[PDB]
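Visitor: Structure file entry-v4.cif (mmCIF, C-alpha atoms; chains and numbers go by the auth columns) right here:
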data_work
loop_
_atom_site.group_PDB
_atom_site.id
_atom_site.type_symbol
_atom_site.label_atom_id
_atom_site.label_comp_id
_atom_site.label_asym_id
_atom_site.label_seq_id
_atom_site.Cartn_x
_atom_site.Cartn_y
_atom_site.Cartn_z
_atom_site.B_iso_or_equiv
_atom_site.auth_seq_id
_atom_site.auth_asym_id
ATOM 1 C CA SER A 1 28.146 -218.108 -66.230 0.00 1 A
ATOM 2 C CA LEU A 2 25.939 -220.420 -64.158 0.00 2 A
ATOM 3 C CA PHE A 3 29.071 -222.412 -63.307 0.00 3 A
ATOM 4 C CA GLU A 4 30.706 -219.497 -61.502 0.00 4 A
ATOM 5 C CA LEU A 5 27.434 -218.517 -59.847 0.00 5 A
ATOM 6 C CA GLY A 6 26.684 -221.988 -58.498 0.00 6 A
ATOM 7 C CA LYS A 7 30.266 -222.391 -57.342 0.00 7 A
ATOM 8 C CA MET A 8 30.122 -219.026 -55.573 0.00 8 A
ATOM 9 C CA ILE A 9 26.873 -219.923 -53.844 0.00 9 A
ATOM 10 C CA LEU A 10 28.392 -223.202 -52.682 0.00 10 A
ATOM 11 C CA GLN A 11 31.539 -221.445 -51.502 0.00 11 A
ATOM 12 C CA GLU A 12 29.702 -218.745 -49.585 0.00 12 A
ATOM 13 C CA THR A 13 26.698 -220.661 -48.220 0.00 13 A
ATOM 14 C CA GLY A 14 28.086 -224.200 -48.151 0.00 14 A
ATOM 15 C CA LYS A 15 24.735 -225.389 -49.478 0.00 15 A
ATOM 16 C CA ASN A 16 23.925 -227.230 -52.691 0.00 16 A
ATOM 17 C CA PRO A 17 22.974 -224.253 -54.900 0.00 17 A
ATOM 18 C CA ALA A 18 20.426 -226.085 -57.037 0.00 18 A
ATOM 19 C CA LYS A 19 18.759 -227.722 -54.031 0.00 19 A
ATOM 20 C CA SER A 20 18.546 -224.675 -51.800 0.00 20 A
ATOM 21 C CA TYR A 21 18.266 -221.851 -54.331 0.00 21 A
ATOM 22 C CA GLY A 22 17.196 -223.357 -57.645 0.00 22 A
ATOM 23 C CA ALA A 23 13.548 -223.128 -56.643 0.00 23 A
ATOM 24 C CA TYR A 24 13.065 -221.019 -53.528 0.00 24 A
ATOM 25 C CA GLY A 25 10.507 -218.306 -52.898 0.00 25 A
ATOM 26 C CA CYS A 26 9.536 -215.954 -55.704 0.00 26 A
ATOM 27 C CA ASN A 27 13.004 -214.944 -56.898 0.00 27 A
ATOM 28 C CA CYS A 28 15.477 -217.762 -56.263 0.00 28 A
ATOM 29 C CA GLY A 29 15.176 -219.881 -59.372 0.00 29 A
ATOM 30 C CA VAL A 30 14.546 -219.876 -63.093 0.00 30 A
ATOM 31 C CA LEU A 31 11.044 -218.391 -63.049 0.00 31 A
ATOM 32 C CA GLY A 32 11.695 -214.647 -63.055 0.00 32 A
ATOM 33 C CA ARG A 33 10.896 -212.373 -60.119 0.00 33 A
ATOM 34 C CA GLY A 34 8.169 -211.833 -57.526 0.00 34 A
ATOM 35 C CA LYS A 35 7.574 -210.147 -54.165 0.00 35 A
ATOM 36 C CA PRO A 36 10.282 -211.602 -51.890 0.00 36 A
ATOM 37 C CA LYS A 37 9.124 -214.193 -49.350 0.00 37 A
ATOM 38 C CA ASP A 38 12.084 -213.506 -47.056 0.00 38 A
ATOM 39 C CA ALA A 39 15.701 -212.321 -46.782 0.00 39 A
ATOM 40 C CA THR A 40 17.042 -215.180 -48.869 0.00 40 A
ATOM 41 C CA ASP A 41 14.349 -214.482 -51.444 0.00 41 A
ATOM 42 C CA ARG A 42 15.298 -210.809 -51.497 0.00 42 A
ATOM 43 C CA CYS A 43 18.930 -211.705 -52.309 0.00 43 A
ATOM 44 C CA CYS A 44 17.770 -213.420 -55.491 0.00 44 A
ATOM 45 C CA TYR A 45 15.480 -210.528 -56.371 0.00 45 A
ATOM 46 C CA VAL A 46 18.376 -208.088 -56.215 0.00 46 A
ATOM 47 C CA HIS A 47 20.484 -210.589 -58.134 0.00 47 A
ATOM 48 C CA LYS A 48 18.012 -210.796 -61.007 0.00 48 A
ATOM 49 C CA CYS A 49 17.760 -207.017 -61.032 0.00 49 A
ATOM 50 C CA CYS A 50 21.553 -206.927 -61.077 0.00 50 A
ATOM 51 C CA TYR A 51 21.485 -209.091 -64.201 0.00 51 A
ATOM 52 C CA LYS A 52 19.148 -206.658 -65.981 0.00 52 A
ATOM 53 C CA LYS A 53 21.533 -203.705 -65.754 0.00 53 A
ATOM 54 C CA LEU A 54 24.119 -205.799 -67.617 0.00 54 A
ATOM 55 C CA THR A 55 24.881 -204.668 -71.156 0.00 55 A
ATOM 56 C CA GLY A 56 26.133 -207.140 -73.746 0.00 56 A
ATOM 57 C CA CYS A 57 27.388 -210.185 -71.864 0.00 57 A
ATOM 58 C CA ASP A 58 25.315 -213.318 -71.238 0.00 58 A
ATOM 59 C CA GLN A 59 24.897 -213.884 -67.494 0.00 59 A
ATOM 60 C CA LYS A 60 24.088 -217.547 -68.099 0.00 60 A
ATOM 61 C CA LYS A 61 26.682 -218.477 -70.715 0.00 61 A
ATOM 62 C CA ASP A 62 29.613 -216.089 -70.351 0.00 62 A
ATOM 63 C CA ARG A 63 32.369 -217.329 -68.075 0.00 63 A
ATOM 64 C CA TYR A 64 34.597 -214.957 -66.129 0.00 64 A
ATOM 65 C CA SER A 65 37.618 -215.135 -63.834 0.00 65 A
ATOM 66 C CA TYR A 66 37.385 -214.784 -60.083 0.00 66 A
ATOM 67 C CA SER A 67 39.624 -215.652 -57.167 0.00 67 A
ATOM 68 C CA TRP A 68 38.600 -217.471 -53.985 0.00 68 A
ATOM 69 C CA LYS A 69 41.833 -216.528 -52.205 0.00 69 A
ATOM 70 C CA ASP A 70 41.493 -216.519 -48.411 0.00 70 A
ATOM 71 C CA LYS A 71 37.922 -217.751 -48.848 0.00 71 A
ATOM 72 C CA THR A 72 36.814 -214.419 -50.289 0.00 72 A
ATOM 73 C CA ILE A 73 35.351 -213.903 -53.736 0.00 73 A
ATOM 74 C CA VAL A 74 37.458 -211.532 -55.822 0.00 74 A
ATOM 75 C CA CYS A 75 36.263 -210.710 -59.333 0.00 75 A
ATOM 76 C CA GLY A 76 39.554 -210.202 -61.129 0.00 76 A
ATOM 77 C CA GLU A 77 37.707 -210.027 -64.412 0.00 77 A
ATOM 78 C CA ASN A 78 38.973 -207.821 -67.200 0.00 78 A
ATOM 79 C CA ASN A 79 35.705 -207.031 -68.971 0.00 79 A
ATOM 80 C CA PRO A 80 33.310 -204.300 -67.743 0.00 80 A
ATOM 81 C CA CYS A 81 30.200 -206.425 -68.384 0.00 81 A
ATOM 82 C CA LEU A 82 31.879 -209.594 -67.117 0.00 82 A
ATOM 83 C CA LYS A 83 33.346 -207.770 -64.101 0.00 83 A
ATOM 84 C CA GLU A 84 29.853 -206.459 -63.405 0.00 84 A
ATOM 85 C CA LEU A 85 28.405 -209.919 -63.983 0.00 85 A
ATOM 86 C CA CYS A 86 30.864 -211.393 -61.503 0.00 86 A
ATOM 87 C CA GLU A 87 29.957 -208.768 -58.895 0.00 87 A
ATOM 88 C CA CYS A 88 26.271 -209.625 -59.351 0.00 88 A
ATOM 89 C CA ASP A 89 27.047 -213.281 -58.627 0.00 89 A
ATOM 90 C CA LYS A 90 29.372 -212.500 -55.734 0.00 90 A
ATOM 91 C CA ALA A 91 26.724 -210.247 -54.214 0.00 91 A
ATOM 92 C CA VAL A 92 24.014 -212.888 -54.215 0.00 92 A
ATOM 93 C CA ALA A 93 26.325 -215.627 -52.944 0.00 93 A
ATOM 94 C CA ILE A 94 27.293 -213.346 -50.069 0.00 94 A
ATOM 95 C CA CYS A 95 23.700 -212.266 -49.422 0.00 95 A
ATOM 96 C CA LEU A 96 22.472 -215.857 -49.364 0.00 96 A
ATOM 97 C CA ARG A 97 25.102 -216.769 -46.770 0.00 97 A
ATOM 98 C CA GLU A 98 24.344 -213.709 -44.644 0.00 98 A
ATOM 99 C CA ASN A 99 20.707 -214.801 -44.470 0.00 99 A
ATOM 100 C CA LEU A 100 21.146 -218.512 -43.814 0.00 100 A
ATOM 101 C CA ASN A 101 19.641 -218.086 -40.335 0.00 101 A
ATOM 102 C CA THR A 102 16.181 -217.253 -41.719 0.00 102 A
ATOM 103 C CA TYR A 103 16.396 -219.683 -44.622 0.00 103 A
ATOM 104 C CA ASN A 104 13.141 -221.626 -44.723 0.00 104 A
ATOM 105 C CA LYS A 105 12.794 -224.927 -46.587 0.00 105 A
ATOM 106 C CA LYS A 106 9.041 -224.241 -46.782 0.00 106 A
ATOM 107 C CA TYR A 107 9.721 -221.769 -49.591 0.00 107 A
ATOM 108 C CA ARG A 108 11.225 -224.505 -51.768 0.00 108 A
ATOM 109 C CA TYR A 109 9.001 -225.620 -54.635 0.00 109 A
ATOM 110 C CA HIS A 110 8.682 -228.158 -57.433 0.00 110 A
ATOM 111 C CA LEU A 111 6.421 -225.845 -59.439 0.00 111 A
ATOM 112 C CA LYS A 112 5.614 -222.103 -59.547 0.00 112 A
ATOM 113 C CA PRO A 113 4.487 -220.840 -56.102 0.00 113 A
ATOM 114 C CA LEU A 114 1.814 -218.222 -55.409 0.00 114 A
ATOM 115 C CA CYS A 115 3.779 -214.986 -55.779 0.00 115 A
ATOM 116 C CA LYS A 116 2.670 -211.372 -55.510 0.00 116 A
ATOM 117 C CA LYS A 117 4.100 -208.772 -57.894 0.00 117 A
ATOM 118 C CA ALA A 118 7.720 -207.709 -58.038 0.00 118 A
ATOM 119 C CA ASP A 119 8.224 -204.011 -58.672 0.00 119 A
ATOM 120 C CA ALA A 120 10.360 -202.698 -61.545 0.00 120 A
ATOM 121 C CA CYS A 121 14.027 -203.347 -60.623 0.00 121 A
ATOM 122 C CA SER B 1 5.490 -226.352 -68.968 0.00 1 B
ATOM 123 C CA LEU B 2 7.122 -227.924 -65.919 0.00 2 B
ATOM 124 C CA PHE B 3 3.683 -229.250 -65.026 0.00 3 B
ATOM 125 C CA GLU B 4 3.282 -231.330 -68.202 0.00 4 B
ATOM 126 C CA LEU B 5 6.931 -232.383 -68.133 0.00 5 B
ATOM 127 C CA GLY B 6 6.629 -233.539 -64.540 0.00 6 B
ATOM 128 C CA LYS B 7 3.404 -235.375 -65.292 0.00 7 B
ATOM 129 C CA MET B 8 5.078 -237.098 -68.253 0.00 8 B
ATOM 130 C CA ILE B 9 8.075 -238.098 -66.166 0.00 9 B
ATOM 131 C CA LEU B 10 5.774 -239.460 -63.483 0.00 10 B
ATOM 132 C CA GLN B 11 3.775 -241.382 -66.085 0.00 11 B
ATOM 133 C CA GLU B 12 6.796 -242.873 -67.856 0.00 12 B
ATOM 134 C CA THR B 13 9.161 -243.515 -64.940 0.00 13 B
ATOM 135 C CA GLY B 14 6.679 -243.925 -62.092 0.00 14 B
ATOM 136 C CA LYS B 15 9.084 -241.876 -60.005 0.00 15 B
ATOM 137 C CA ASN B 16 8.364 -238.536 -58.345 0.00 16 B
ATOM 138 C CA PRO B 17 9.842 -236.154 -60.961 0.00 17 B
ATOM 139 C CA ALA B 18 11.114 -233.412 -58.646 0.00 18 B
ATOM 140 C CA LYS B 19 12.729 -235.785 -56.166 0.00 19 B
ATOM 141 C CA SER B 20 14.296 -238.067 -58.769 0.00 20 B
ATOM 142 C CA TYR B 21 15.078 -235.624 -61.577 0.00 21 B
ATOM 143 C CA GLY B 22 14.697 -232.105 -60.188 0.00 22 B
ATOM 144 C CA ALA B 23 18.445 -231.912 -59.592 0.00 23 B
ATOM 145 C CA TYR B 24 19.982 -235.069 -61.053 0.00 24 B
ATOM 146 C CA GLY B 25 23.545 -235.003 -62.341 0.00 25 B
ATOM 147 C CA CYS B 26 24.809 -232.102 -64.418 0.00 26 B
ATOM 148 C CA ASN B 27 21.841 -231.689 -66.774 0.00 27 B
ATOM 149 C CA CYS B 28 18.601 -232.547 -64.967 0.00 28 B
ATOM 150 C CA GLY B 29 16.848 -229.604 -63.348 0.00 29 B
ATOM 151 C CA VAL B 30 17.810 -225.950 -62.939 0.00 30 B
ATOM 152 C CA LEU B 31 21.532 -225.698 -63.765 0.00 31 B
ATOM 153 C CA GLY B 32 22.224 -225.719 -67.487 0.00 32 B
ATOM 154 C CA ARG B 33 24.028 -228.406 -69.454 0.00 33 B
ATOM 155 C CA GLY B 34 27.175 -229.914 -67.991 0.00 34 B
ATOM 156 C CA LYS B 35 28.968 -233.074 -69.093 0.00 35 B
ATOM 157 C CA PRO B 36 26.481 -235.921 -68.488 0.00 36 B
ATOM 158 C CA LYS B 37 27.402 -238.205 -65.591 0.00 37 B
ATOM 159 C CA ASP B 38 25.409 -241.090 -67.050 0.00 38 B
ATOM 160 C CA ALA B 39 22.572 -242.157 -69.349 0.00 39 B
ATOM 161 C CA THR B 40 19.864 -240.532 -67.225 0.00 40 B
ATOM 162 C CA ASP B 41 21.844 -237.301 -67.134 0.00 41 B
ATOM 163 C CA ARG B 42 22.295 -237.578 -70.898 0.00 42 B
ATOM 164 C CA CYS B 43 18.505 -237.614 -71.397 0.00 43 B
ATOM 165 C CA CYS B 44 18.352 -234.261 -69.652 0.00 44 B
ATOM 166 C CA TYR B 45 21.252 -232.987 -71.741 0.00 45 B
ATOM 167 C CA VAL B 46 19.393 -233.906 -74.941 0.00 46 B
ATOM 168 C CA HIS B 47 16.256 -232.405 -73.409 0.00 47 B
ATOM 169 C CA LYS B 48 17.917 -229.047 -72.783 0.00 48 B
ATOM 170 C CA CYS B 49 19.369 -229.097 -76.309 0.00 49 B
ATOM 171 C CA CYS B 50 15.866 -229.921 -77.548 0.00 50 B
ATOM 172 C CA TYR B 51 14.553 -226.826 -75.748 0.00 51 B
ATOM 173 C CA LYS B 52 17.118 -224.573 -77.442 0.00 52 B
ATOM 174 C CA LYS B 53 15.513 -225.212 -80.843 0.00 53 B
ATOM 175 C CA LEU B 54 12.115 -223.946 -79.651 0.00 54 B
ATOM 176 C CA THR B 55 10.942 -220.820 -81.465 0.00 55 B
ATOM 177 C CA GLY B 56 8.475 -218.517 -79.741 0.00 56 B
ATOM 178 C CA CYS B 57 7.339 -220.621 -76.791 0.00 57 B
ATOM 179 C CA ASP B 58 8.621 -220.778 -73.212 0.00 58 B
ATOM 180 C CA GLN B 59 9.386 -224.312 -72.075 0.00 59 B
ATOM 181 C CA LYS B 60 9.088 -223.307 -68.412 0.00 60 B
ATOM 182 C CA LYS B 61 5.764 -221.469 -68.380 0.00 61 B
ATOM 183 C CA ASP B 62 3.863 -222.383 -71.556 0.00 62 B
ATOM 184 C CA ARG B 63 1.063 -224.895 -71.168 0.00 63 B
ATOM 185 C CA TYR B 64 0.361 -227.490 -73.858 0.00 64 B
ATOM 186 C CA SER B 65 -2.047 -230.303 -74.647 0.00 65 B
ATOM 187 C CA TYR B 66 -1.029 -233.933 -74.638 0.00 66 B
ATOM 188 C CA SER B 67 -2.847 -237.122 -73.881 0.00 67 B
ATOM 189 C CA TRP B 68 -1.870 -240.398 -72.275 0.00 68 B
ATOM 190 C CA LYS B 69 -3.475 -243.058 -74.434 0.00 69 B
ATOM 191 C CA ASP B 70 -2.729 -246.741 -73.908 0.00 70 B
ATOM 192 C CA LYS B 71 0.201 -245.708 -71.721 0.00 71 B
ATOM 193 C CA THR B 72 1.683 -243.629 -74.512 0.00 72 B
ATOM 194 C CA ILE B 73 2.389 -239.914 -74.420 0.00 73 B
ATOM 195 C CA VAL B 74 0.650 -238.388 -77.415 0.00 74 B
ATOM 196 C CA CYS B 75 1.328 -234.704 -78.058 0.00 75 B
ATOM 197 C CA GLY B 76 -1.741 -232.864 -79.303 0.00 76 B
ATOM 198 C CA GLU B 77 -1.044 -229.131 -79.606 0.00 77 B
ATOM 199 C CA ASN B 78 -1.880 -227.445 -82.912 0.00 78 B
ATOM 200 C CA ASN B 79 0.771 -224.820 -82.253 0.00 79 B
ATOM 201 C CA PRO B 80 4.089 -225.903 -83.874 0.00 80 B
ATOM 202 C CA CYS B 81 6.343 -224.707 -81.036 0.00 81 B
ATOM 203 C CA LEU B 82 4.127 -226.100 -78.282 0.00 82 B
ATOM 204 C CA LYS B 83 3.977 -229.378 -80.201 0.00 83 B
ATOM 205 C CA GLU B 84 7.775 -229.364 -80.463 0.00 84 B
ATOM 206 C CA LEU B 85 8.053 -228.476 -76.780 0.00 85 B
ATOM 207 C CA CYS B 86 5.720 -231.366 -76.022 0.00 86 B
ATOM 208 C CA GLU B 87 7.907 -233.695 -78.081 0.00 87 B
ATOM 209 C CA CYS B 88 11.005 -232.580 -76.165 0.00 88 B
ATOM 210 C CA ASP B 89 9.305 -233.401 -72.879 0.00 89 B
ATOM 211 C CA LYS B 90 7.925 -236.698 -74.144 0.00 90 B
ATOM 212 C CA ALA B 91 11.386 -237.699 -75.356 0.00 91 B
ATOM 213 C CA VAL B 92 13.109 -236.987 -72.042 0.00 92 B
ATOM 214 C CA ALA B 93 10.346 -238.743 -70.095 0.00 93 B
ATOM 215 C CA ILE B 94 10.751 -241.831 -72.258 0.00 94 B
ATOM 216 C CA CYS B 95 14.533 -241.554 -72.124 0.00 95 B
ATOM 217 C CA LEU B 96 14.470 -241.326 -68.329 0.00 96 B
ATOM 218 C CA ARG B 97 12.284 -244.437 -68.045 0.00 97 B
ATOM 219 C CA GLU B 98 14.519 -246.306 -70.488 0.00 98 B
ATOM 220 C CA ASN B 99 17.566 -245.602 -68.342 0.00 99 B
ATOM 221 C CA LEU B 100 15.974 -246.350 -64.979 0.00 100 B
ATOM 222 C CA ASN B 101 18.259 -249.383 -64.735 0.00 101 B
ATOM 223 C CA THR B 102 21.351 -247.213 -64.272 0.00 102 B
ATOM 224 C CA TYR B 103 19.740 -244.486 -62.181 0.00 103 B
ATOM 225 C CA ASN B 104 22.104 -243.286 -59.464 0.00 104 B
ATOM 226 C CA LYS B 105 20.635 -241.820 -56.273 0.00 105 B
ATOM 227 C CA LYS B 106 24.125 -240.489 -55.513 0.00 106 B
ATOM 228 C CA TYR B 107 23.525 -238.067 -58.391 0.00 107 B
ATOM 229 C CA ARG B 108 20.021 -237.177 -57.165 0.00 108 B
ATOM 230 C CA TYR B 109 21.319 -233.891 -55.732 0.00 109 B
ATOM 231 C CA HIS B 110 24.664 -233.693 -57.535 0.00 110 B
ATOM 232 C CA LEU B 111 26.853 -230.684 -56.791 0.00 111 B
ATOM 233 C CA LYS B 112 26.720 -229.005 -60.198 0.00 112 B
ATOM 234 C CA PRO B 113 29.943 -227.066 -59.498 0.00 113 B
ATOM 235 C CA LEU B 114 31.623 -230.502 -59.713 0.00 114 B
ATOM 236 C CA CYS B 115 30.386 -230.873 -63.307 0.00 115 B
ATOM 237 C CA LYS B 116 32.642 -230.586 -66.350 0.00 116 B
ATOM 238 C CA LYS B 117 31.916 -228.230 -69.257 0.00 117 B
ATOM 239 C CA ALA B 118 29.291 -229.470 -71.711 0.00 118 B
ATOM 240 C CA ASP B 119 29.605 -229.821 -75.470 0.00 119 B
ATOM 241 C CA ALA B 120 27.670 -227.257 -77.476 0.00 120 B
ATOM 242 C CA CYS B 121 24.274 -228.458 -78.704 0.00 121 B
#
Give the structure from the file, written as structure tokens.
Guide:
Amino acid sequence: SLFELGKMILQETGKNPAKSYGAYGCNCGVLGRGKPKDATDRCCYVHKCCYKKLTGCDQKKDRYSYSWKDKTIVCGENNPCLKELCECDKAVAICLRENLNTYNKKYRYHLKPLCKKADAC
Amino acid sequence: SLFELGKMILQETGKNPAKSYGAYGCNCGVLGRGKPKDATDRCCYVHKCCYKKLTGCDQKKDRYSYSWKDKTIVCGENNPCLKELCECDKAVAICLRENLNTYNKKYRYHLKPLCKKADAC
């Protein structure tokens, strides 16, 4: 669910997930996909594409189990879709952290930014 | 859409919508419904529940007509869903203004992972 995702993002990046990634570039947020503005943006693109391959489970609503032992995300989840969902979320949280150095506040928005096309996941 | 909603919030509350309500508490902004921290947060909770009843229109992208007449939001749209969407937005805007007195800037960018689970709508 969104709870696990946001928590993962916070754990990996240390940043407020809503503030930094709720509306950033063409892909980080709740407005679908677009041509990535930067590395951070690309993480969210891949993440949304990761969500599409999911079969059955609700990425937004369905909770899953994961461990943060030794400050590492471990999806211990028992369900194929939920295990896959967890790995999607872990991947983006990791990717966002890895690309903190090129994170640019300029790509934050209040309303839909001018985005070129995203290709088919 | 977010444009009309933001304009309504600005008109009712007189506060910059994104800054004041783009990530307030557990319910205002991107992250889905969590247990409301206060009255303001509760408006957003009700708002998100209001959105869930919408049939065939997208609350994020879909434009709609409304007027501001004698400092009153008046929804216009002939389309039933867009009208209903407009009423959701009007209601939260009014609700937010009504609870300005207990607005908490400490919630303005609340860490949503700190939020408790929300009741079903």
Visitor: Do a neighbour search on residue 5 in chain A at 7 Å with only C-alpha atoms, toss out local chain neighbours closer than 4 positions, and write the hits as a ChimeraX atom specification.
Guide: /A:1,9,89
Visitor: Just so the selection is clear, what residues does the PyMOL selection byres ((chain A) within 7 of (chain B)) cover here, as a ChimeraX atom specification?
Guide: /A:2-3,6-7,16,18-19,22,30,110-111
Visitor: List the residues sitting within 12 Å of (27.9, -220.8, -48.0) in the file's frame, using all atoms listed in the file, as a PDB file with C-alpha atoms, in the coordinates of the input.
Guide:
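So part_3.pdb came out as:
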ATOM      1  CA  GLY A   6      26.684-221.988 -58.498  1.00  0.00           C
ATOM      2  CA  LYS A   7      30.266-222.391 -57.342  1.00  0.00           C
ATOM      3  CA  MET A   8      30.122-219.026 -55.573  1.00  0.00           C
ATOM      4  CA  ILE A   9      26.873-219.923 -53.844  1.00  0.00           C
ATOM      5  CA  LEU A  10      28.392-223.202 -52.682  1.00  0.00           C
ATOM      6  CA  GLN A  11      31.539-221.445 -51.502  1.00  0.00           C
ATOM      7  CA  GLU A  12      29.702-218.745 -49.585  1.00  0.00           C
ATOM      8  CA  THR A  13      26.698-220.661 -48.220  1.00  0.00           C
ATOM      9  CA  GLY A  14      28.086-224.200 -48.151  1.00  0.00           C
ATOM     10  CA  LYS A  15      24.735-225.389 -49.478  1.00  0.00           C
ATOM     11  CA  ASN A  16      23.925-227.230 -52.691  1.00  0.00           C
ATOM     12  CA  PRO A  17      22.974-224.253 -54.900  1.00  0.00           C
ATOM     13  CA  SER A  20      18.546-224.675 -51.800  1.00  0.00           C
ATOM     14  CA  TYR A  21      18.266-221.851 -54.331  1.00  0.00           C
ATOM     15  CA  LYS A  71      37.922-217.751 -48.848  1.00  0.00           C
ATOM     16  CA  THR A  72      36.814-214.419 -50.289  1.00  0.00           C
ATOM     17  CA  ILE A  73      35.351-213.903 -53.736  1.00  0.00           C
ATOM     18  CA  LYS A  90      29.372-212.500 -55.734  1.00  0.00           C
ATOM     19  CA  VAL A  92      24.014-212.888 -54.215  1.00  0.00           C
ATOM     20  CA  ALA A  93      26.325-215.627 -52.944  1.00  0.00           C
ATOM     21  CA  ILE A  94      27.293-213.346 -50.069  1.00  0.00           C
ATOM     22  CA  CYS A  95      23.700-212.266 -49.422  1.00  0.00           C
ATOM     23  CA  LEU A  96      22.472-215.857 -49.364  1.00  0.00           C
ATOM     24  CA  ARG A  97      25.102-216.769 -46.770  1.00  0.00           C
ATOM     25  CA  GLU A  98      24.344-213.709 -44.644  1.00  0.00           C
ATOM     26  CA  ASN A  99      20.707-214.801 -44.470  1.00  0.00           C
ATOM     27  CA  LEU A 100      21.146-218.512 -43.814  1.00  0.00           C
ATOM     28  CA  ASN A 101      19.641-218.086 -40.335  1.00  0.00           C
TER      29      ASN A 101
END
Visitor: In Å to one decimal, how far is CA of residue 118 in chain A from CA of residue 36 in chain A?
Guide: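 Distance reported for this atom pair: 7.7 Å.
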Visitor: With 3 Å added on each side, what axis-aligned box encloses every listed atom of range 96-100 of chain B? Give the centre and edge lengths in Å to one decimal, as AutoDock Vina command-line options.
Guide:
--center_x 14.9 --center_y -243.8 --center_z -67.7 --size_x 11.3 --size_y 11.0 --size_z 11.5
Visitor: Residues within 10 Å of (3.9, -226.8, -78.9), file coordinates, counting only C-alpha atoms: what are they? Give the list as a PyMOL selection string.
Guide: chain B and resi 54-59+62-66+75-88
Visitor: Kindly indicate which residue among B:51, B:106, B:119, B:4 lies nearest to residue 74 in chain B, using only C-alpha atoms for the distances.
Guide: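 Going through B:51, B:106, B:119, B:4 one by one, the smallest distance to residue 74 in chain B is for B:4.
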Visitor: CA of residue 25 in chain A and CA of residue 108 in chain B are how many Å apart?
Guide: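 Separating CA of residue 25 in chain A from CA of residue 108 in chain B is a distance of 21.6 Å.
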Visitor: If I take CA of residue 37 in chain A and CA of residue 107 in chain A, how far is one from the other in Å, to one decimal?
Guide: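 According to the coordinates, CA of residue 37 in chain A and CA of residue 107 in chain A are separated by 7.6 Å.
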